[PDB]
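Nothing in this text is a laboratory measurement; each read-out follows from the coordinates by a stated rule. All Cβ positions, even for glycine, are placed from backbone atoms using ideal geometry, and neighbour counts span all protein chains on display.
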Protein chains: 12
Amino acid sequence: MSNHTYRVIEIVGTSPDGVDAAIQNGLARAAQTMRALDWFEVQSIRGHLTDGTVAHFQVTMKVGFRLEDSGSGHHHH
Amino acid sequence: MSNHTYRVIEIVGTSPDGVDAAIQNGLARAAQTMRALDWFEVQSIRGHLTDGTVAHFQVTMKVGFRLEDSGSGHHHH
Amino acid sequence: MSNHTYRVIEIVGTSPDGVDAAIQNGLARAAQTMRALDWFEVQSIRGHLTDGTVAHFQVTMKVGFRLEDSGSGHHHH
Amino acid sequence: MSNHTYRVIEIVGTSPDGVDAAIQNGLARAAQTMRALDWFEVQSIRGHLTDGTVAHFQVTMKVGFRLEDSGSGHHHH
Amino acid sequence: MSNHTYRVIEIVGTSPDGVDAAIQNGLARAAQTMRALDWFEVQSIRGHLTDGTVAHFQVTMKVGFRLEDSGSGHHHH
Amino acid sequence: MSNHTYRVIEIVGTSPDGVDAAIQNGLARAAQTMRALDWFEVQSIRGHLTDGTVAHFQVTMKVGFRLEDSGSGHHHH
Amino acid sequence: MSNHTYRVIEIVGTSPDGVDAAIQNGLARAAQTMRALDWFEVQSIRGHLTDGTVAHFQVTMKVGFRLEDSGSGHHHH
Amino acid sequence: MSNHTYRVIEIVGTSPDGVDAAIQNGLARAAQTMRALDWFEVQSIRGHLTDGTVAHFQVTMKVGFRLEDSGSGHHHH
Amino acid sequence: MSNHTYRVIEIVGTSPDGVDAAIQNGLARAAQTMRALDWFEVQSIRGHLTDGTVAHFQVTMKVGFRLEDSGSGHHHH
Amino acid sequence: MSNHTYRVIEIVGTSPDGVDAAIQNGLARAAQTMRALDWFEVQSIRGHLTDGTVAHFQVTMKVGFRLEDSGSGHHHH
Amino acid sequence: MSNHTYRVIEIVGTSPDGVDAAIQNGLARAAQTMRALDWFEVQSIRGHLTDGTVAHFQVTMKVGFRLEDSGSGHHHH
Amino acid sequence: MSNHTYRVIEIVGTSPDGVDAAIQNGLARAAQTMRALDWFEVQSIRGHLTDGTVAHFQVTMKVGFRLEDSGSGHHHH
């Protein structure tokens, strides 16, 4: 925890069944390929209405993962 | 799609059962009277607590609909 | 209060005598023609200076009114 | 200019040929039907890429027009 | 309603089951100890992912309650 | 002034007679019970319209007061 | 009006008697020395409380004035 | 369209000939190497002035592309 | 970690020797009296210049602490 | 480059022929009288519509120039 | 303190040795030529990396100074 | 410099010894693996307090690097 450095990527998750779906739907695919999803932050909740009655919630989130080598989980000052 | 122009209105949807409710509750009434709801954007999630334990989620959204005559769905450059 | 949906419009009120004037001057005209002004939110206080010494305060506000049919003032969850 | 009150609407103009196009393309249709477009403010410049190489610039703007009766263009304080 | 003054506090509610949970989970504890929760406003929806698949939604909200003595619910101008 | 630390609270003041009223109406009650109001910052000017013609300006402000013991009013670097 | 270019300066006006005072108090001194104050925009309304009961409203505004030579008031496209 | 998840990257495009150039200049290189640029959003228009008279417009944009496998273009609720 | 709810307070720390000082100077006093400072967020770095050459950095931060009873550090969904 | 200090001024450029015009029209006049325009940042794109069909794009930008004496272009740490 | 009016200028300070350096490096040059620097506000902390390992922190700040004649330090309402 | 296009990534640097540490700690690891870090922008300064007295400053920054082939450093308009 001395020089742990993280990276934040932004992904947009989409689900016709809610915001908690899109959050989980997108966060999930992200992990299918990335390392250590540690946190997320929602930046927008938007959406499209197809057929006028089918919303496809589109939630944009910023997700953060550790890139630095698993190193000493320490405090050094 | 050459000169399609849209209009954005802002509506606040309210539901005691969630944010996805208010979004759908309000978006829905909006369509009862407007043309071609194409998209929406959430701007705020607020709420009132009546009886101290009854939240009435109030979600404000900006909704967008086409005003321009259905015209050539085209690309011209 | 179960599915009450509101609409927010934005108007700019102007008065040479203050911000509370423009707020009331504009909000007032808005009601001359709209239904149930319930709330307002100020977004900007700007102004022009004519003759260099005559400010015309221009206050932009977002005003909200009920569109949904007067329905049950109720809580349903 | 004592109690002149204005209204601001938001429209999204779109053009495959630029931002100044979409601004003018949308502002123009707006006037086809509204009164006294006096000003505009850009809020976003976004866009879609169809065929991957055809951008359709979408510029969202807030446009303002006078609603109050043409009245004394005056200063009263 | 003449000199009613309110106070706004900020709390972060957390739930592994959604945003509407955290909102209600946190708002609720807040009332366990405070007076007259009247309104709330969401400011952020964030979260941590433990085990990589267990999100703990963290919603930050600003909650508002009346401090001024229950006084005349009146309008005085 | 070396380690003087302050605290900022947020209060909403309300008055049917203006924004300068609500600011003073709320700031005042705040002092009835707190120590050393030193500054304030307005964050929003909102309002409700009862009877459609009775605005109750609601101004939200952040107020700051000293918590640290009255200590040396000094500069140390 | 073809190449009229303006400059915006920021000034903070202060008055113990209100926001409309500080706006006018500051805007005024600004003109004592500058050319053609044409517009202003409020950016903050803050304040200090001396004696705990004497607010000195401090309003920060951005003021705009013409620098370009009085030239053709024209439209050229 | 049920679980389509997207990724947003941010790129800065630069052109001495305009903002629509930099937008297209940068968006273009981005596609030279990425999949399915679907949308873009401008976040800043900045620039450097070399030789004092050569602006190099620098437009920062957020571009979004699909990462999820081309899957059912469907609505499922 | 199922219903852990937190509270965020805002404090301004001040030090003539830097921003990391004010952050630590203020955060520290805050703990002298509060429970479980878990996190902080900087919102502003401002300052006053006394004697014209003595800056007193004033850093405003939002600090967050747990209020809910130490309860099961668990995940429940 | 050790103690190079810059100053940022804000100017509004205007042109009936576009945003890239106003940017260049205004930036240009600014240099007619200032030293070393090094960079610019757009803050707003607004405009007035005279005759309803003559937009006068008004672009506000923040421009930055060096004030410190041309000194060692160096790195010192 | 009745009609004291201030002016805010924006300067960018730069130092290879930190943010507190650039703040002091720039604020300092500003005073070499201006009157009564009373306060400052940081707006951005940016930077360039020359040689890839030499950061030149660039901190932009808004600095405020009194322009109005030293007048009665008084409260008048 | 005609079509140089850049990419901006966001990383969070962490150090128990300051903000200038985390900035340098994170920026550094980023370069260990990326090309041409040219600039950075701070977006947040946050932090965790372990043991209540060990802050781990977490600074989030946006870093920008060139992706386009080293090409003509030129101006072409």
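Computed values, structure above
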{"quantity": "Odd one out for G:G52 among (1) touching a helix residue (DSSP H, G or I) at 6+ places or on another chain (Cβ under 8 Å); (2) crowded, with 20+ Cβ neighbours inside 10 Å", "calculated": "(2)"}
{"quantity": "Condition met for L:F40 (surrounded by 22 or more Cβ atoms within 10 Å (Cβ to Cβ) and in contact (Cβ under 8 Å) with a residue 24 or more places away in the chain)", "calculated": "yes"}
{"quantity": "Residue satisfying condition, being surrounded by 22 or more Cβ atoms within 10 Å (Cβ to Cβ), in contact with a strand residue (DSSP E or B) (Cβ under 7 Å, 6 or more places away or on another chain), β-branched (V, I, T) and assigned to a helix (DSSP H, G or I), within set B:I45, B:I23", "calculated": "B:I23"}
{"quantity": "Index of the failed condition, C:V63 passing every other in (1) within 7 Å of another protein chain (Cβ to nearest Cβ); (2) in a strand (DSSP E or B)", "calculated": "(1)"}
{"quantity": "Qualifying residues in the stretch H:1-33 (those that are under 12 Å from the mean Cα position of the chain (by Cα) and within 19 Å of A:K62 (Cβ to Cβ)) - the one farthest from the other protein chains (Cβ to nearest Cβ)", "calculated": "H:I9"}
{"quantity": "Flag for L:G47 being touching a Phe, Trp or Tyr at 6+ places or on another chain (Cβ under 6 Å), among the small types (G, A, S) and closer than 23 Å to A:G71 by Cα", "calculated": "yes"}
{"quantity": "Residues (at negative phi and either out of contact with any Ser or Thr (no Cβ under 8 Å at 6 or more places or on another chain) or assigned to a loop (DSSP other than H, G, I, E, B) (or both)) located in the stretch E:29-42", "calculated": "E:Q32, E:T33, E:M34, E:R35, E:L37, E:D38, E:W39, E:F40"}
{"quantity": "Filter result (hydroxyl-bearing (S, T, Y) and in contact with a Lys or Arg (Cβ under 8 Å, 6 or more places away or on another chain)) within the stretch F:30-77", "calculated": "F:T60"}
{"quantity": "Every residue from the stretch A:34-52 that is within 14 Å of chain B (Cβ to nearest Cβ) and in contact with a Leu (Cβ under 9 Å, 6 or more places away or on another chain)", "calculated": "A:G47, A:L49, A:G52"}
{"quantity": "Unmet criterion (only one of (1) more than 7 Å from every other protein chain (Cβ to nearest Cβ); (2) in a strand (DSSP E or B)) for G:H74", "calculated": "(2)"}
{"quantity": "Selection status of K:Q58, surrounded by fewer than 21 Cβ atoms within 10 Å (Cβ to Cβ) and not small (G, A, S)", "calculated": "no"}
{"quantity": "Complete set of residues in the stretch J:1-33 that are among the acidic types (D, E) and more than 29 Å from K:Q32 (Cα to Cα)", "calculated": "J:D17, J:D20"}
{"quantity": "Selection count, the stretch G:48-60, where residues are over 23 Å from C:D51 (Cα atoms) and in a strand (DSSP E or B)", "calculated": "8"}
{"quantity": "Members of the stretch A:1-20 found to be charged (D, E, K, R) and either in a strand (DSSP E or B) or within 26 Å of L:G13 (Cα to Cα) (or both), listed by number", "calculated": "A:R7, A:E10"}
